[PDB]
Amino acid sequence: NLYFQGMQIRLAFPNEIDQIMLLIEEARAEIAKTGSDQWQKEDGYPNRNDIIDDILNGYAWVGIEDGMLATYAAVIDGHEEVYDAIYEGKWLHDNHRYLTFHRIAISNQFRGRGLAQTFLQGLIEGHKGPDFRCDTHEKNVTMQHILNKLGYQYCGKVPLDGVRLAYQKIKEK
């Protein structure tokens, strides 16, 4: 139960699954318009089961704007094995345990990235970290931009679903 710049930022509840899926599908359609294959595969990732797993595992966070579920992300404290395979670069440091954000979906009915930055900044403020990591698709310039604005540094490439661009932010508290 965090507030940041008026947005309520909190763990999702199980009965928000349909609302989250509506947002995920909206986001999936917006990605498709860019020609990216991110979230466009036959497995349906991220699908309803992926999101239920996020809620069961305590990963699922949402941002509520004007009483409406506007944003989603999964936040995982631990290690991503594929991040150890970073190439054409390297991490800022090689600590094993960090916070990673996945499955970020940002309403465009709440459109201008304003909400994404607010949500992700709020998650960063709300967690001790201090090591935050994220990866995105090469064609996801919107996410690259958001990560840059939040102070993440591009570190290199990781071999996730082909290639992903890997980013790291160290929180100065």
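Quick note: we count residues from 1 along the sequence shown, nothing fancier.
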*Do the CA atoms of 130-138 or those of 65-73 have the higher mean B-factor in the entry?*
65-73
*Do the C-alpha atoms of 51-59 or of 110-118 have the higher average B factor in the entry?*
110-118
_Residue, from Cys155, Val163, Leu11, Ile20, that the PDB entry assigns the highest Cα B-factor_ = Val163
*Going by the entry, which third of its chain does the Cα temperature factor of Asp84 land in?*
lowest
*Using the B-factors in the PDB entry, rank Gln38's C-alpha atom against the chain and give the third, lowest, middle or highest.*
middle
